[PDB]
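# Tertiary structure, described
The residues making up each chain are set out below.
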Amino acid sequence: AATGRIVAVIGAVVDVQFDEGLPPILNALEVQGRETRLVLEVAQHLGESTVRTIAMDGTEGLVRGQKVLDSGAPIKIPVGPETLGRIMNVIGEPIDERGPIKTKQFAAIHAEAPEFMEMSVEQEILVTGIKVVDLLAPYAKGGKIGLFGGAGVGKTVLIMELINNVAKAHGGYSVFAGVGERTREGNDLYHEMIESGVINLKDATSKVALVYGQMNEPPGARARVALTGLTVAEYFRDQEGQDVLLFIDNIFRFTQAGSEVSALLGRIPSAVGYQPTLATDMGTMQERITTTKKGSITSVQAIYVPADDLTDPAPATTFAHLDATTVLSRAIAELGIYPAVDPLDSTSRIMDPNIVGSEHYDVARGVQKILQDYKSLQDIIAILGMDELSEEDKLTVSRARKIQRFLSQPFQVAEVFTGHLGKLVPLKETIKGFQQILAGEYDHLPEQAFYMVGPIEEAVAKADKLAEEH
Amino acid sequence: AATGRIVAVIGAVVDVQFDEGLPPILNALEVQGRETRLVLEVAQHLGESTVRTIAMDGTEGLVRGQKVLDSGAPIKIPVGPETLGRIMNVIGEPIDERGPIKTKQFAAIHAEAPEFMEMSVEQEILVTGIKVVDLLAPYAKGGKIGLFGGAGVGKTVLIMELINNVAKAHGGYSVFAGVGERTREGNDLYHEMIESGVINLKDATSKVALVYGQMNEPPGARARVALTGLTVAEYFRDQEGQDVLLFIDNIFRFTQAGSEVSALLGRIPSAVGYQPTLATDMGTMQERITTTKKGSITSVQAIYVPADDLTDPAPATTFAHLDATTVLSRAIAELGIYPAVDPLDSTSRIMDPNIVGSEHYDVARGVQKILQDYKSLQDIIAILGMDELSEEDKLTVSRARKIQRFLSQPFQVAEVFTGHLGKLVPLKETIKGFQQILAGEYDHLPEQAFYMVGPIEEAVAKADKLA
Amino acid sequence: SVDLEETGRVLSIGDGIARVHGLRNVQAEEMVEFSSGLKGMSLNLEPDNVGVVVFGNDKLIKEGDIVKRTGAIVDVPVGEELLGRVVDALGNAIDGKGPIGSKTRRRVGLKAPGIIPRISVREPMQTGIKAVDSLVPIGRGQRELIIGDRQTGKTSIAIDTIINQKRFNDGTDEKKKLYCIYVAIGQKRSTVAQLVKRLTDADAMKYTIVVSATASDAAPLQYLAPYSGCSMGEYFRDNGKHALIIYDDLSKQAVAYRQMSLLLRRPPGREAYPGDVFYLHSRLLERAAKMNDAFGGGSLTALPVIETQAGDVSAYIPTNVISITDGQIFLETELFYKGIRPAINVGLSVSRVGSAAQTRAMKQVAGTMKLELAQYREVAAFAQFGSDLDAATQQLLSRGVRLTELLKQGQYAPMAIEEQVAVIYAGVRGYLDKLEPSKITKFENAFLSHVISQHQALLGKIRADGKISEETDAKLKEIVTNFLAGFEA
Amino acid sequence: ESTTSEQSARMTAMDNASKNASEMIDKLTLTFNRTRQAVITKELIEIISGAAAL
Ligand SMILES: Nc1ncnc2c1ncn2[C@@H]1O[C@H](COP(=O)(O)OP(=O)(O)OP(=O)(O)O)[C@@H](O)[C@H]1O
Ligand SMILES: Nc1ncnc2c1ncn2[C@@H]1O[C@H](COP(=O)(O)OP(=O)(O)O)[C@@H](O)[C@H]1O
Ligand SMILES: [Mg+2]
Ligand SMILES: [Mg+2]
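The following refers to the structure shown. (Residues numbered from 1 in each chain as written, not as in the entry; some residues may be left out. Chains lettered and ligands numbered in written order. Part of a larger assembly, values for the part shown. Heavy atoms only, no water.)

## Things to note about the interface of chain D and chain C
Between chain D and chain C, the residue contacts involve five residues of the former and five residues of the latter. Roughly 500 Å² is buried in total at the junction of chain D and chain C, and carbon and sulfur atoms are behind 76% of that figure. Broken down residue by residue, the surface that chain D buries against chain C is led by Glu43, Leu44 and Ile47 of chain D, which jointly contribute 56%. Linking chain D with chain C are zero salt bridges, by the criterion used here. Between the two partners, chain D and chain C, sit zero residue pairs in polar contact. Its residues placed into classes, the side of chain D that touches chain C shows four nonpolar, no polar and one charged. (Contact = heavy atoms within 4.5 Å. Buried area = accessible area lost by both parts, 1.4 Å probe. Salt bridge = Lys/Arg side-chain N within 4 Å of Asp/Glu carboxyl O. Polar contact = N/O pair within 3.5 Å; in protein donor to acceptor, adjacent residues only side chain to side chain. Nonpolar A, V, L, I, M, F, W, Y, C, P; charged D, E, K, R; others polar.)

As structure tokens, this is what we get:
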């Protein structure tokens with residue numbers, strides 16, 4: 001089909017000249033003669049019937065003049081119920097060594113976004129079981145959740161815990177898109193779900209599909225794996241009227257990969273160094289990941305915050321695309337509170353007394369206010385001394401510290417790290433416990449009793465153990 | 001003349017190819033076929049008989065191939081005595097809907113600075129009739145003044161009072177060049193000036209000529225509005241031999257417009273991103289505002305400090321050409337002292353005995369200290385108490401309070417509203433009054449006697465009037 | 001055989017930029033139509049080719065595709081038919097309620113009114129927020145910037161204004177009616193849908209036009225959305241009708257313009273923003289004006305929104321918009337989580353128009369409130385450990401905390417000017433100093449109910465007369481004192 | 001006698017601490033301005049270099 005020839009191989013950007021009709025942009029080009037499959041996606045019509053293409057795999061071995069065919073369609077991936085329990089690449093190739101993925105329906109990774117009249121206006125609440133999330137920044141069923149955080153702050157652990165708590169319980173299928181992450185973590189997740197039962201290698205009851213492009217992959221591949229995963233999720237939303245859970249790790253890699261190829265594509269660098277087409281491409285991806293009126297897709301996306309700078313363009317743009325945001329602060333993790341959710345930075349759209357209820361809203365706002373007042377008091381402490389503050393100031397500091405400790409919750413996925421058994425706190429118990437702490441009913445209990453506990457019943461019980469060991 | 005053809009229209013950077021003789025740099029090119037007159041200022045000869053030029057109006061609707069004529073000179077603006085009371089844009093056409101500005105002659109905006117021989121070799125004080133300015137921060141005659149302070153500090157009233165004073169005392173007109181002026185604020189300024197009387201619409205009693213460079217205009221127009229106003233002022237200095245006052249609001253917007261024009265022309269930006277020719281552009285504009293043999297143009301330029309950084313390139317470059325600073329402070333406004341000039345903070349570069357006179361320097365230096373020590377001890381009274389001060393410390397408070405009140409002076413432009421006739425205190429009267437207050441001659445007088453008064457005789461007479 | 005005067009061939013298409021050969025008679029900024037059907041705007045009329053931005057996905061456009069001239073600069077449907085309809089940047093309906101019945105198409109590039117047509121803004125544009133209407137007054141025809149960081153309340157401050165306009169709009173009085181326009185630049189379709197749902201629930205859509213340019217929309221659409229909305233608003237202003245436009249995320253429009261410019265190879269500048277970004281924002285905000293009586297007397301109030309990053313008010317776009325606008329309403333996340341909701345920082349927030357945009361009653365109470373609150377800010381540092389301070393300082397701190405509790409207003413609860421005046425009157429006169437700090441908001445609510453039900457005549461006097469006459473002040477004093485005596489139970 | 005001496009000393013010490021903080025913030029503000037301008041210049045230079053290389 002209009003067999004082209006490679007005219008230049010610079011980095012991942014390969015230019016092909018088509019003597020016959022030029023392939024339209026975003027179509028997939030297959031390089032002939034390579035032992036494996038190398039797919040070149042058209043990016044620009046440079047001119048003189050030449051297309052600038054970004055390779056989806058390594059460009060080593062390419063020789064000028066090599067024949068390149070045109071598929072005629074954007075990269076098409078095997079999609080359907082048969083992808084569950086299978087690991088697939090960006091170009092939809094089985095990488096689990098379990099044979100070909102035999103799906104009767106193929107879909108292209110590139111597609112238009114859902115229309116405005118297809119947007120749903122409902123806002124439910126998803127009880128993850130995490131005290132910080134459910135109280136301060138409640139997640140919503142179908143909403144777009146964002147796990148903002150730096151490096152080594154808890155994004156991967158938190159997302160795996162969310163998979164364990166929600167996805168396992170959720171009857172609908174789930175999709176995990178490992179965009180630009182460590183390959184070791186991908187294998188860990190694959191093995192963990194095998195033993196957990198979410199992926200069954202024997203039967204056909206698997207409930208989670210895996211799309212992985214790790215950082216070992218070339219920049220081009222790392223910029224489309226998210227599109228492949230969301231295409232699979234879209235199939236599980238439109239073709240099948242089911243609720244889906246799309247878990248993507250480090251969406252930031254989607255933006256970063258574009259920055260690694262924009263210069264070769266021929267674009268003038270934008271601020272800091274990202275590609276000029278940052279917001280547009282990010283929206284094109286994100287708008288597709290929504291809950292239409294046909295079906296719901298509750299998406300949890302981990303977003304790496306470069307150098308813990310939220311003002312960085314990549315995390316900054318993604319804030320507008322997410323209904324519920326949970327920012328993991330390194331300073332809190334240094335304090336030891338795990339999860340390291342920043343109580344005064346995390347926000348959710350359903351945090352509305354009409355939606356979450358008056359009591360829930362009041363308790364959450366009280367917690368946030370007391371923590372703000374504690375932040376204010378710390379500056380005074382640094383100069384005056386703790387033994388100089390007023391009794392009201394000391395009471396506020398004590399209660400705020402107790403609340404901060406009670407925010408910490410041991411995770412089942414973190415049982416290996418912390419050593420404590422994982423706990424899941426119901427929303428009612430979370431609200432009741434934080435309300436009691438705000439009231440002061442547990443002021444007599446030491447702060448240590450509130451650290452790494454589940455419900456306040458565990459909190460008071462721990463205090464008694466310490467007294468018995470005193 | 002030399003009807004060229006547009007070859008490229010990228011943003012406001014139009015490019016014209018002259019088949020006949022190429023127009024020189026800094027030359028106006030009128031575009032034919034447009035309802036609104038769009039002038040193009042030649043910036044670079046790019047070879048191939050084409051000239052890259054910047055647009056002074058919207059560049060929409062231009063078609064590759066449109067014919068444009070060459071004026072043969074830099075943008076020429078209506079220049080004369082009838083520009084007073086009129087609002088003109090950068091190209092010189094009236095924008096006040098009062099008909100054409102029918103002046104005898106027109107002058108090009110781009111002119112060279114006065115030569116070395118023409119420059120005067122004596123520093124002189126431009127008496128403004130305002131006590132605080134004339135005493136603490138005297139305005140140089142032919143120098144550039146920096147009017148720090150935004151709104152709520154009586155900036156507009158101060159400007160209008162300056163216009164009226166220089167018109168009445170020195171017999172010189174003034175030109176207000178608003179670079180990047182908000183349209184609403186320009187209309188407000190126009191109406192307020194009309195009501196004050198500095199610009200009269202009924203008859204030729206106007207004292208100011210307005211040049212508006214409103215923000216909706218392209219960056220090149222905003223960049224050249226200051227030059228337009230400067231040329232209009234240059235008429236009076238040279239042809240009429242008068243002392244003009246050029247009020248350039250936010251010289252920062254002039255700098256920013258220059259930076260934008262350079263960016264559009266593609267010149268590699270300098271540090272912080274300002275135009276590479278920032279210093280030269282500022283020099284070209286300022287150095288024309290000097291004292292020639294025929295006359296002098298003093299410029300009161302409002303200055304904006306980006307990010308509150310005086311070390312920023314635009315503040316630094318502007319300060320290099322400054323000769324005095326007027327800081328209109330909200331605190332002084334709160335005290336009720338109008339004009340709201342901060343006496344201690346306001347500084348002038350002619351405040352040296354060799355220039356101002358030994359008596360003037362002694363008085364200004366004394367009133368500076370008498371307020372500095374009052375401010376310093378104002379903490380002492382606030383902590384311990386007034387009775388906890390020394391006898392002299394009590395005396396200096398009284399005298400300083402008298403001086404800080406005596407600084408306030410009624411303005412003639414606001415006379416209609418305030419009900420108090422404005423005063424134009426001579427420098428000699430200001431010196432006499434302040435030295436008398438420093439000596440303690442009127443220490444018996446009440447403090448209120450010195451508030452909102454003119455000459456010290458008015459202060460003592462008011463003291464008599466009280467009760 | 002191709003004319004290459006009214007038609008053209010795409011030499012290169014990529015990243016949304018099509019370099020078309022031909023189209024020798026194309027006007028600058030003239031919309032053109034591609035072979036695939038996607039429209040385009042001719043921005044860079046380069047000598048050998050015309051650089052046209054694509055209004056859609058580039059998969060449809062290829063090399064050689066014929067590009068034809070529409071012959072006109074971009075114009076959008078403009079009229080009262082749009083009222084109640086969600087449209088895109090080009091005015092095409094997206095709410096699926098049918099085609100707009102607009103009988104007029106106004107160009108989006110029309111210049112702003114000049115010095116002479118405009119007049120001093122006097123008419124108060126009641127936001128409905130106690131803090132804004134009292135300490136940061138906004139007048140019809142004023143460009144007030146709702147600046148702030150992310151998740152601070154910027155959008156909320158604007159939507160409550162649209163909801164508040166229902167009170168006047170439903171009223172028979174025409175001079176007070178204020179049609180509203182919301183321009184969504186970059187917001188996701190889910191967010192826009194939730195916003196329109198909120199407005200419909202408040203029955204505010206009937207007088208509101210929601211122009212949306214979501215993230216999926218191509219960069220040129222996001223670039224043109226504010227201009228289209230402003231042109232839609234100008235209809236009311238040019239025909240003696242008062243209008244309000246809210247350019248939410250004007251920063252995102254600057255980002256889209258930067259993307260277009262850099263991909264068009266226009267020389268970069270600070271933060272890669274093209275040098276003419278200040279011009280881009282100025283030729284939009286200056287269209288907001290209060291025309292004089294001869295020109296209809298209409299108004300187009302503008303409420304741009306800029307998202308500062310970590311309170312960086314010295315960044316390129318923030319500096320530009322702050323310079324252009326007639327004041328700002330700064331919102332701080334610290335206040336938002338400190339109980340101060342709305343998070344309006346009274347100190348930074350300023351209005352150039354000032355008291356001229358306030359009702360005489362609101363002027364009377366608000367001036368005193370402003371002075372007391374400013375003094376409280378001056379002594380706010382002591383408050384932490386200011387128990388051992390002068391009695392004047394203690395009085396200042398108490399009055400400040402009382403006023404701060406007063407200013408707090410619930411979300412989606414726009415208050416009427418008379419009710420705001422009543423509450424501020426209760427606070428400034430000092431009837432709430434004795435009341436416990438936490439009790440202040442409870443008293444505000446209870447007193448609002450009492451005065452609204454029992455004493456609607458007095459509210460009518462404030463509403464109709466427009467000032468607190470001496471008799472009203474006496475009557476207001478009696479009502480407040482009587483209720484305050486019985487309020488505590 | 002001790003209490004009055006203690007209070008006076010505390011007042012003086014806090015005043016001195018405030019003065020030291022004022023000097024420090026003046027120096028830090030100068031450094032901040034320099035660094036901010038440098039950052040803007042550096043990003044400008046990076047963008048220009050990227051443009052020219054194309
Ligand atoms: N007056 C208020 N009282 C209580 N909560 C409020 C108030 N105003 C806003 N909020 C809360 O603020 C949250 C987020 O506000 P909002 O989204 O309007 O702010 P924003 O700064 O415009 O956000 P973004 O820029 O992310 O769109 C909402 O969940 C809402 O409950
Ligand atoms: N409960 C917990 N939640 C999160 N992280 C924890 C917890 N307990 C210990 N940690 C440590 O914090 C680290 C978080 O790193 P991880 O989430 O894997 O990378 P990133 O934070 O970049 O996503 C873990 O590797 C673990 O060692
Ligand atoms: Mg990780
Ligand atoms: Mg918002």
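## A look at a nonpolar patch on the surface
A surface patch of nonpolar side chains, about 380 Å² in accessible area, is lined by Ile380, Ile383 and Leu384 of chain B together with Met11 of chain D. Looking at the element boundaries, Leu384 of chain B is found in the loop between helix 10 (358-383) and helix 11 (391-407). (Patch = residues over 30% accessible without salt bridge, like charges linked within 9 Å, V, L, I, M, F, W, Y side chains within 5 Å. Areas by Shrake-Rupley, 256 points an atom, 1.4 Å probe, with all protein chains shown as cover. Helix = DSSP H or I, 4+ residues; strand = E, 2+ residues; numbered from the N terminus.)

## Some remarks on the pattern of salt bridges
Inspection of every chain in the model, using the stated rule, returns 76 salt bridges over all chains. Measuring nitrogen to oxygen at the nearest pair gives 2.7 Å for the salt bridge that ties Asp238 of chain A to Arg237 of chain A. A residue is classified by how much of its surface remains accessible, and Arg237 of chain A, at 2% relative accessible area, is buried. By sharing partners, the salt bridges in this structure join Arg182, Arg184, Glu185 and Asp188 of chain B together with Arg143, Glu286, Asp326 and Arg352 of chain C into a single network. (Buried < 20%, exposed > 50% of the residue type's maximum accessible area, 1.4 Å probe, protein only.)

## Focus on the packing of helix 10 (residues 391-407) of chain C against helix 11 (residues 417-429) of chain C
All names here are of chain C. Running from N to C, helix 10 and helix 11 point in directions that differ by 170 degrees, and their axes come no closer than 9 Å. Judged by the inter-axis angle, helix 10 sits roughly antiparallel to helix 11. Contacts between helix 10 and helix 11 involve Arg399, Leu403 and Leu406 from the former and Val423, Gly427, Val428 and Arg429 from the latter. Its residues assigned to classes, the contact of helix 10 with helix 11 comprises four nonpolar, one polar and two charged. (Axes fitted to C-alpha atoms, helices over the stretch in contact; angles between N-to-C directions. Parallel < 35°, antiparallel > 145°, perpendicular 65-115°, else oblique.)

## With respect to the site of ligand 1
Around ligand 1, 16 residues are found, and the nearest of them are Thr152, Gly153, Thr155, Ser156 and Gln409 of chain C. Each of chains A and C places residues near ligand 1. Taking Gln151 of chain C, its side chain carries an N or O atom lying 3.1 Å from an oxygen atom of ligand 1. Backbone polar atom of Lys154 of chain C to an oxygen atom of ligand 1: 3.2 Å apart, as the coordinates give it. Within the complex, 84% of the 640 Å² of free accessible area of ligand 1 lies under protein. (Near = heavy atom within 4 Å.)

## Observations concerning the interface of chain A and chain C
How big an interface is tends to be stated in terms of accessible area lost as the parts join. Between chain A and chain C, the contact holds 59 residues from the first and 48 residues from the second. Interface of chain A and chain C: buried area, both sides summed, is about 4,600 Å²; carbon and sulfur atoms make up 55% of it. The interface formed by chain A and chain C holds five salt bridges in total. The closest approach of N and O atoms between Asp345 of chain A and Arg150 of chain C, which form a salt bridge, is 2.5 Å. Connecting chain A to chain C are 19 residue pairs in polar contact. When contributions to the side of chain A that touches chain C are tallied by element, the ones reaching two or more residues are strand 4 (39-47), helix 8 (279-288), helix 9 (313-319) and helix 12 (358-384) of chain A. Take the side of chain A that touches chain C: its biggest share by element is eight residues, from helix 12 of chain A. Of the residues that constitute the side of chain A that touches chain C, the class distribution is 27 nonpolar, 18 polar and 14 charged. Bridge count for strand 4 of chain A against strand 1 (residues 7-14) of chain C is two bridges, and the pairing is antiparallel. Residue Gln44 of chain A lies in a different strand from strand 1 of chain C, and its bridge partner there is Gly14 of chain C. (Pairing = 2+ DSSP bridges.)

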